[PDB]
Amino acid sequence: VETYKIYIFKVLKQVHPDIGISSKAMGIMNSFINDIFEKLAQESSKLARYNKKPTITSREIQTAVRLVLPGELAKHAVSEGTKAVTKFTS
């Protein structure tokens, strides 16, 4: 387990500046993020081992998202991941 709470709150203050969050609700959000981090990191590990790849690249994270998220949610996550990497390299 890691804490993403202060970063979850940063996202809350972007999308709903005027809405707060209770301690238990933040706990649920943090448990959600941890759970997904593990699933995507573990799947990326699998995928890199399957094809004898030394390196987990943004491509392995993108394939991991498609193996883990439901199709429609995946397509949005892949678009947000790709948007970030395109900005980062710009």
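Residues carry their position along the shown sequence, with the first being 1. Note that the rigid core is defined as the largest set of C-alphas that superpose within 1.5 Å between two forms.
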*Output the stretch, either 18-26 or 77-85, that has more C-alpha displacement from this form in 4 other deposited structures of this protein following superposition by the rigid core.*
77-85
*After a core fit, does 42-50 or 60-68 show the bigger CA gap to the shown form in 4 other deposited structures of this protein?*
60-68
*Which has the higher mean CA temperature factor in the PDB entry, 21-29 or 7-15?*
21-29
*Quick one: say whether 41-49 or 59-67 has the higher mean Cα B-factor in the deposited entry.*
41-49
*Position of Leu73 among the chain's modelled residues by C-alpha B-factor, lowest, middle or highest third*: highest
